[PDB]
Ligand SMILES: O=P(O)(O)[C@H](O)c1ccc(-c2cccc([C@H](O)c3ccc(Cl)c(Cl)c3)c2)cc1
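Taking the form deposited without the named molecule, here's one chain by itself in structure tokens.
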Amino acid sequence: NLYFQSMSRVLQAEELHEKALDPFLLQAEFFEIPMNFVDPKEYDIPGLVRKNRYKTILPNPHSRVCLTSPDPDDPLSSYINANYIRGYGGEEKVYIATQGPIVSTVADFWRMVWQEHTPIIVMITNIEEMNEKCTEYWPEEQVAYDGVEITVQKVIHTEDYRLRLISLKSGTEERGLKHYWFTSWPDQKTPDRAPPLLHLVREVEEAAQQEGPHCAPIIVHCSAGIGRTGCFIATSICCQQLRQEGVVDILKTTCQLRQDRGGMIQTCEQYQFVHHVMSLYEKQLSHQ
């Protein structure tokens, strides 16, 4: 409750199924949630215009990712449109929600990946979109940014995602990276379009657990780093809540996300989609 009073609606299975199918209540509930957007006057930095894809979608100062190398004392050099996002049970820095890199921020994005020891990147797109919403920041094979060599070792093609196994090298340091390029984000967020997002969430949870204790932040991004990014993260947190508590609180999860980054889950269609995905997961989990 740091920036606004958080709200909550603890859903048991029956109510979850019904809530996902009540668009009138879903919109009433959604549009009561504060957006917690950042006033652009909060950042007064020469050259900042080049670092943001959208003037009104900025990182909340308290949770913004600060680029510590090569000049932590220079505001421009230390800037990236990215925020640390708490995970399930308030665990700090489980994710980093960021905008899709632009031509002027590709090198900054890789500086963040390296600084944060990021083991997984989740990129959310549709086939119809191709890559008109995000600049191709990874190489065809190899590219070097600020002493860090990025090498695409393997490309795994699945029905709803392309998984790239990437190596990051700098001096005597070598690190692995898994880049999940999800291609099944739907135009119409109907319940029949929920299974591929659920599969992606479950695949990423498994990959995250396999990193072992205190997994470094997982980078999630769409274009603005709030809408689809918000859906993916809220879904991942609620899957854990369902397994552990036997309930889902999408409303509280959304409020928690908005406290970390203004605008997380941007549309009511996206909000309803999280409910469709969670309703489906509850049905699948009921069989084990």
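For clarity, a rigid core is taken as the largest C-alpha set superposing within 1.5 Å between two forms. Residue numbers here begin at 1 and follow the sequence given.
Among other deposited entries of this protein with both flanking residues present, at least a third omit coordinates for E132. Between the stretches 61-69 and 234-242, it is 61-69 that shows the larger average CA temperature factor. Mean CA temperature factor is higher for 181-189 when stretches 112-120 and 181-189 are set side by side in the entry. Out of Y79, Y161, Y95, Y88, it is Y161 whose C-alpha atom has the highest B-factor in the PDB entry. The top Cα temperature factor in the record, among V143, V106, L198, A207, falls on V143. Annotation for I156: C-alpha temperature factor in the highest third relative to the rest of the modelled chain, per the entry. Ranked by C-alpha B-factor against the other modelled residues of its chain, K51 falls in the middle third. When the modelled residues of the chain are ordered by their C-alpha B factor, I218 lands in the lowest third. For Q284, the recorded CA B-factor ranks within the middle third of the chain. Only modelled residues enter the ranking.
Although it is not shown, the form solved in complex with the named molecule is what the next lines describe.
Stretch-level contact analysis of 178-186, 144-152, 67-75, 165-173 against the named molecule in the deposited bound form, using heavy atoms and a 4.5 Å limit, identifies 178-186. Not displayed here, the named molecule is approached by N126 to within 4.5 Å at the level of heavy atoms in the deposited bound form. Contact check for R193: a non-hydrogen atom falls within 4.5 Å of the named molecule in the deposited bound form. Although the partner is absent here, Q270 lies within 4.5 Å of the named molecule in the deposited bound form, judged by heavy atoms. For the chain shown alone, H199 is not a contact residue for the named molecule in the deposited bound form, no non-hydrogen atom being within 4.5 angstroms.
In the deposited bound form, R228 is the single residue of 225-244 with at least one heavy atom within 4.5 Å of the named molecule. Rigid-core fit between the shown form and the other one: of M130, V103, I156, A144, the one residue whose Cα shifts 2 angstroms or more is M130. Cα of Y137 to Cα of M130: at least 3 Å shorter in the deposited bound form than in the shown structure. Compared with the form shown, the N131-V204 C-alpha separation increases in the deposited bound form, the change being 3 Å or greater.
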